[PDB]
RNA sequence: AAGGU
Ligand SMILES: [Zn+2]
Ligand SMILES: [Zn+2]
């Protein structure tokens, strides 16, 4: 009785797409019956189909478990370092799904909204791994409401075709070295004044 | 001002950390274009339809 | 046109 109840962005909302409002990508895409509101101002950007997991390649089950971990760390390092040039990066999420709307999706949330707009203006004219980079603003705010809950513990029975984010987490050593390196880069660009 | 003091206390704290702008990326795949596309920009390649997304 | 409130 303290506040009115709403259904906006929920699965019960029959005009707004709940999956696009939370996860930033719907299985129907532009043919969906519900609205996909593309934000003009946002902190999170989306690079669809950027991470090509070698496991889903013809010659990509020849690598061992240790080699696969170092290859993903080289990708996560290559992403966080390049995205850091557009401002402060708060979180970097890489999707390990197989659905055409979430396969290899890369979400990056900046601290400032202007940092995200300057990123999509530059990424849409660059390349990565012999492929043009697609960049757009994503309405994703909280990744906890978009990640698969049954995937954090054990594995999701739906497999790679899950409509929620199956985020592939990097090594804790790299994630810690990236946060410490970003604060050092920001602290160095502060003693100038 | 204490702002300058709060920076020097962090820089001396982060003495054995390399800043992100000086990370030596050994195998970075950025700006690598496919053979023949040296004169084709990223915008012209997406509109050509040779590099479509898995949705389309 | 669903599993997510
Ligand atoms: Zn939708
Ligand atoms: Zn799942």
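Chains as they are written, first to last, in the UniProt record's numbering: chain X, 2 to 194; chain Z, 106 to 161. Just so you know, even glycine gets a beta-carbon here, dropped at the ideal spot from N, CA and C.
- If you look at residue 47 (chain X), you'll find it isn't in any alpha helix (DSSP H); it sits in the beta strand (DSSP E) that goes 45-48.
- Looking at X:124, X:3, X:164, X:189, the one whose alpha-carbon comes closest to that of residue 28 (chain X) is X:164.
- In the structure shown, residue 156 (chain Z) adopts coil according to DSSP, grouped into three states.
- With a 10 Å radius around the Cβ and a threshold of 16 neighbouring Cβ atoms, residue 51 (chain X) comes out buried.
- Contact between the segment 108-120 of chain Z and the segment 173-191 of chain X is present: 3 or more CB-CB pairs across the two stretches fall below 8 Å.
- Distances from the CB of residue 20 (chain X) to the heavy atoms of ligand 1 include at least one below 8 Å.
- For the pair of segments examined, the segment 118-130 of chain X was found not to touch the segment 92-106 of chain X: the number of CB pairs separated by less than 8 Å stays below three.
- Residues of the segment 126-145 of chain Z with a C-beta less than 7 Å from any C-beta of chain X: 126, 128, 130, 132, 133, 134, 135, 136, 137, 138, 139, listed in chain order.
- Within 8 Å of the C-beta of residue 33 (chain X) there is not a single heavy atom belonging to ligand 2.
- With its beta carbon at least 9 Å from every one in chain X, residue 154 (chain Z) lies outside the interface.
- For residue 102 (chain X), a Cβ of chain Z is located within less than 9 Å of the residue's own Cβ.
- Per DSSP, the continuous beta strand (DSSP E) segment holding residue 108 (chain X) begins and ends at 104-111.
- Residue 166 (chain X) has X:148 as its beta-bridge partners, per DSSP.
- Set against 8 Å, the gap from the CB of residue 27 (chain X) to the closest heavy atom of ligand 1 is smaller.
- Per DSSP, the continuous alpha helix (DSSP H) segment holding residue 116 (chain X) begins and ends at 114-124.
- Boundaries of the alpha helix (DSSP H) around residue 111 (chain Z): 107-116.
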